[PDB]
Amino acid sequence: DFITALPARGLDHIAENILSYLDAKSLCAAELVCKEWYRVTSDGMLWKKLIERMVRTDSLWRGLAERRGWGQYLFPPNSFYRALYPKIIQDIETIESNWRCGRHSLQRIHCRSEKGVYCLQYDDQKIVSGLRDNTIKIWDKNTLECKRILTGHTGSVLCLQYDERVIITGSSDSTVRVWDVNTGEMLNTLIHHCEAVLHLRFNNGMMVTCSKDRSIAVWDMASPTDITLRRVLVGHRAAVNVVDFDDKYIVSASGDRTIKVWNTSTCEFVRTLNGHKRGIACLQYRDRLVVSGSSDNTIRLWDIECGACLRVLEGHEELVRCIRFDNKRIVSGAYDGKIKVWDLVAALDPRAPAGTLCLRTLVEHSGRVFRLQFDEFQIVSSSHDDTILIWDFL
Amino acid sequence: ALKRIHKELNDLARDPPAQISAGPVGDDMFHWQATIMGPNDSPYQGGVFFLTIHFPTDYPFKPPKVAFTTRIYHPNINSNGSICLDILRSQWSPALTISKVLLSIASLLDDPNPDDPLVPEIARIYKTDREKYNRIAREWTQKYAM
Amino acid sequence: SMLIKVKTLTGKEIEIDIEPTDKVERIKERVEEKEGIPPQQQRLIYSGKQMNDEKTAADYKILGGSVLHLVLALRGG
Amino acid sequence: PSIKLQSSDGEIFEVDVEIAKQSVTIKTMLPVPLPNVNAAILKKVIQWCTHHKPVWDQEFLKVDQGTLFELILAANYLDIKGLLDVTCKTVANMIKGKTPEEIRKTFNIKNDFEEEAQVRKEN
Amino acid sequence: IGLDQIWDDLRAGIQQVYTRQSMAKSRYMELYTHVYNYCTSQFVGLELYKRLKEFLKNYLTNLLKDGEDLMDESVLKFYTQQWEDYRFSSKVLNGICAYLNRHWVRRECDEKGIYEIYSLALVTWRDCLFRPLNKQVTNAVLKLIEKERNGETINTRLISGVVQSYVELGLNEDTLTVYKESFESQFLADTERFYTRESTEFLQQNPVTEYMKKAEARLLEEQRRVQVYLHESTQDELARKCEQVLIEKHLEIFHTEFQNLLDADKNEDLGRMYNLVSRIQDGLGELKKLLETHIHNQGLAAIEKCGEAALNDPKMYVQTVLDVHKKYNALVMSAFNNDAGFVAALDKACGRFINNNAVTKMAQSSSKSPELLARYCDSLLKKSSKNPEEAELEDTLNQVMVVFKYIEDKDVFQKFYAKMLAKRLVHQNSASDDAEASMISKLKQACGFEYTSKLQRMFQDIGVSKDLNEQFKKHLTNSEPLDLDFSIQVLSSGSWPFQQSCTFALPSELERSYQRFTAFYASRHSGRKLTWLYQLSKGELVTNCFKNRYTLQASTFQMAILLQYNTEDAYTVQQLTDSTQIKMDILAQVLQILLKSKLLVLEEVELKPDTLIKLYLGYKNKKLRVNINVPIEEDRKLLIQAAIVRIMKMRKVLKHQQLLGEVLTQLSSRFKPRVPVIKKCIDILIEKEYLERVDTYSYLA
Amino acid sequence: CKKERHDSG
Amino acid sequence: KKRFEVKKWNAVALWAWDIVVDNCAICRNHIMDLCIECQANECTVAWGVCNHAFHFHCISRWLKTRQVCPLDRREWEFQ
Amino acid sequence: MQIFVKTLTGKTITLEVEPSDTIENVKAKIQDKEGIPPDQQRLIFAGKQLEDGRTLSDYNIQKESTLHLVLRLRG
Ligand SMILES: [Zn+2]
Ligand SMILES: [Zn+2]
Ligand SMILES: [Zn+2]
């Protein structure tokens, strides 16, 4: 009898270490073994440590702890945790169930209640959106009040991306502007493209931009005011609509019905994914997986290594404008107001049937959803009308 | 039409005007970026307005597209930074060169043409309150040009 | 090695001598040692590009006689 | 270099420095007397340390619970993290996935639990 | 179980370890087993930690009592030895209680009242320093540091020990907090006072030159000391305080001695003065000012020694200016470390000197300096009797480039150099085309290509002229004979600075010559307009009227008169004018230049408009081919406005007079402004809403 | 001078 | 006897055009110089009532686009 | 005094005028010296239009200065 001999000789920490390697069910089973085992689990805050470990290794649990509020007590009679764990599991189950059932709140925007957002990005504090009136609006994530307005772009602000220090936007006036996310003073202006900039991405000090001029430009960002063009990628015969990248490859989707994969190392043409009947409007590349939404009303999933069409998704009655995905689902938005939520785990499996992939079709609005970003708890979208829609699932 | 453009650049690099400066962006000799310094004794005092010039294939016989890059307050310039010089739309002449078009725009910066304007919401205030306009344009200049 | 001219708004052509591999910061400083404007209220413009305080004077393709324009930025911090 | 470890009984063992320094206790100590670790467990830990200078660890631990417990004590007294971590993970594996009664039958534990009903209703 | 026996045994073992006894390791392992079993019964083992702390406290109290109230010198060695032994004992003790240590540190959830074993020993020792020996040891080490006044050889280790102790004794929380404050403050104040006294005394019976060396040596010594036995953190602070208090108070004396040092050629002293003032922050102002003023004075004085024969000799002028600049440049480069600020002072000095030279006053025009420079460059490039070497020519050309870089009105120099180059090319006086090309390229790389544009055009044009002359001479093989050797340098009227001011008569012979040239020229250009220039044409003549067949090189004028004498030589000035059509202001000069020899005489001389000029036969010259061809109101306001806004944004709160004084001190270095100008500028800035009038001028956002 | 799907991207 | 004859004579002369450079307002080149589109390989000069002249290949294209003088808005006609 | 004016043909010329002549006279001189009617003329100096009904002194134009000649424009 280890659990009883170990603490008998003063090795309580060893016994607790032994019990810490158990899961939820095994832990309750051990708690129901004997009085001494129960005393060890109680005295050692075994349940609390279990919840802490879960929060440390799972995003869903983390998000729930920060949104629901019970995370405040993490990192207290030791009974609150043992009784809280079942409630947390219950909440997670309710979350996934309503995700597959279609429940929401649809919190509207609280400002003058007046439109035309082309790109949107949010966090837990603000919502940055690139309007069509040549301005950038920053809203509050909690009160939804229009916090600030950044002006200075000559044309319409098409795309944008920000981090904890700057806000890089690409407008229709063929210019890229670097703003200060804290204060809002225009820190830099890049004049290198001959036509409207359609998309841009940046991370780890490097950036990539694609404009209607059928060209791609990579930039080395040494500071918000020190950006230098490194190379000019050519090869596309049409307007490059979307461009994404990582440390391995850079994917470019243009209106020429093809996908191009170049090597980030020295901009080397690696592969070319073909199969789309029309131009590609949106795409996301991550974890060596590419998901593209084109004009053929279908969503194509591919493996960056082989470039094989793992699966084509049908059902969209219009052009798939934007699409996003995570480790669990794939949320897509086409012209007709129809937010289609698909399962990713079931899609990556070649044995699943096509009919069992489309989870739900949320239809509450009708305008062309231009942008939509989601996480494990909500979906923020923007279309022609209906300035901003928040799809909360809790 | 590359020889003419090269000669124009040579002239700009030899006899530069008072408040005009235009140079190529990168390797594309057909895409230049110019600058216009706000003329003195005007609401645009001490301001630098960036432009963007794009030369067509038959530039010597076709006006080049010129567009403002920094927002401004003027009855002949909308928010999109589009300019309405009749010498740029139909009355273009092969004699006019970049150093001339930029100077013409600079002159237009001071003397606006309220008659047949591009932004009525501004031309109205100009023809009615020539005082408030002097303050609004100044504020915008301090917000973008400066 | 070469000689440039920093034309101000009035017209006074401040002749300055620089090195083909100098830094715009040095060019901005030489002006005060000849005109009096600190390097915090200077915006050197050449060929339509606001000269950056880091790129070397060669990155702008500057040669002798190249006239730079100087516009004072009263605020300038 | 070789360090001389004198077990509790009196047996001596020669172990290389590169491996003997793995245990912080011996490292801080520098024959080396181990009044709480005998030659048997000493030979076992020496073999484990040399092999660790898993499947092998499982076979090395495919021993009764008595020797396992003694190994636990020796690892603690010698303060050898690696050995302690692997042995603890093994006991954990030996606990998980069974009903309470099955647990008692696994470690030959007698249920000492109203009390049983109280803990059953509360869990 | 029982603890009394095992605990007392462990205590006895520990007591034996505190003293370097070096007992059998078996006892060490036994003690480890004792502490291991003791932490077996958060409450387990607390008694052990408490006993350890109590024993440590008792031992330290006894030790301090043994070594309490000792002399200010033995206390140092005492504390050093005790600290060393205590550190060793605590280290081994931590190694013994390692088990208990690890347990506690990983159980109590740090963030109760326990820290660690080694840390506990240190914190406990921080009760034998604070109250019992904090002052004593510090004052002792300070007394030794000061004892270094005579260079005595201290232990050099008795101090390092105390320093390492103070450092390790740092806040044992979760670090030089307790060390820096105490040791630093004391050391800093003491060394500061010591240096003040030493400097004040040394300056009473010694010169500044020697004090500079003593100061430098002191700085190096203090920098090395704090780097050997003191901590490395106090290296920056101490050095700053020392260099500040040792130079600040004597900065004025440094200023005063700088002038006298500049007078003589004392480079070493200048270099050391710079190294010492450069170490301080913003102290080079007056130094740069003095250097500039002295260079200017030296320049003017050096040029005064040659102003009597300077306006007539360029060589000496350029050489003098070159020598002054070369010497000061070498000085600023070697002694002043080629500082980026001093070179500017030398620049302003050389500029003002070359533009306000005393020689300029003798000409009443500030354009005499570029003129002399051009004349010198021409003399260097001219084809003299001898030809200088290549390397020497290139070097002198570079020097000329330097003096040129310092000119103010480069346009006047361009015009002068252009005229000289033209006169050289036409008269075929160029020394070597390579030299001219190198000079042109140098001017190009110096002041761009626009300046050199005209010069290069002139060069290419002379070449084209030579080619055209060859073509015309080649077409002459046909039926078109010429009774004279003809040639011509057709230049392009677009670059040459030549103009037409003659309107000659074109004699009968030159009539046929010119007609034939035009006839041939009607084959390359249509809008051709040969604006003939006769005040440049050369001329060679032969005469048989004299005793021999003399030869004489002349111009078109002399040739005109000589050929006009082919009839009745009893001709007057009016008769000659009847066929020459030359302006008075130039005709009179022509007749004079002609008679400025024995070829044409009268029947200091005073020519008359009616005097006759008959043929002169009694002309007996001792030579042949005798050459008779004898030749900011707005800038002020702008700077004021910029300075005003700068000061305003700097303080944000001031008054009118205060603002005036501030702008006056920030602008004085440039020039002297006026108060009404400052007031008007303030109003101007008010028009742009840059500042306001508080309901007194305050900064505006 | 006088005058002379909204998805630009 | 009276032999006053010149043997060698060297003079200088500045050549110029008829009135002005008449710089072609199209290619900024010289009228006598070869046309610009003519250089990258018959290029005569054409005039207007305004006394304005350009190359034939230049004014021809400008006319093809608009029958108006480039230096002034009046009509165009040759000589 | 004298002023400098740059014509549309790239070439540069100078005019001998005093600070008393009117702008209309200046344009007339530019026309006779170049050959462009005044209706299609626009004088710019320091980035400012030169009104016809005025005189050089009204704009503070010193000697040796430069004037740019451009075509006519409107809204
Ligand atoms: Zn032409
Ligand atoms: Zn041609
Ligand atoms: Zn015409």
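Numbers run from 1 along the shown chain.
Determined by electron microscopy, 3.7 Å, according to the entry header.
Note: Cβ is positioned from N, Cα and C throughout, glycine not excepted.
Copied over from Swiss-Prot:
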{"type": "MOD_RES", "residues": "C:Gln41", "note": "(Microbial infection) Deamidated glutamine"}
{"type": "MOD_RES", "residues": "C:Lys49", "note": "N6-acetyllysine"}
{"type": "SITE", "residues": "C:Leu9", "note": "site 'Interaction with UBE1C'"}
{"type": "SITE", "residues": "C:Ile45", "note": "site 'Interaction with UBE1C'"}
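Features per Swiss-Prot, on structure.
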residue : record                                     : DSSP class
C:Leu9  : site 'Interaction with UBE1C'              : coil
C:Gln41 : (Microbial infection) Deamidated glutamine : coil
C:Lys49 : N6-acetyllysine                            : strand
Proximity to chain B among recorded positions C:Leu9, C:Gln41, C:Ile45, where any Cβ pair is under 8 Å: C:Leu9, C:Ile45
Cβ atoms near C:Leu9 (site 'Interaction with UBE1C') (within 10 Å, other residues, all chains): 19
Rounded inter-Cα distance in Å - the residue listed as '(Microbial infection) Deamidated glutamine', the residue listed as 'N6-acetyllysine': 17
Pairwise Cα distance for the residue listed as 'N6-acetyllysine'/C:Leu9 (site 'Interaction with UBE1C') [Å, integer]: 17
Pairwise Cα distance for C:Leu9 (site 'Interaction with UBE1C')/C:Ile45 (site 'Interaction with UBE1C') [Å, integer]: 12
Cβ atoms near C:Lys49 (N6-acetyllysine) (within 10 Å, other residues, all chains): 19
Greatest C-beta neighbour count within 10 angstroms, which of the recorded positions C:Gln41, C:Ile45: C:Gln41
Listed recorded positions with Cβ under 6 Å from ligand 3, out of C:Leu9, C:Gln41, C:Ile45, C:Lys49: none
Proximity to chain E among recorded positions C:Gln41, C:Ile45, C:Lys49, where any Cβ pair is under 8 Å: C:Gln41
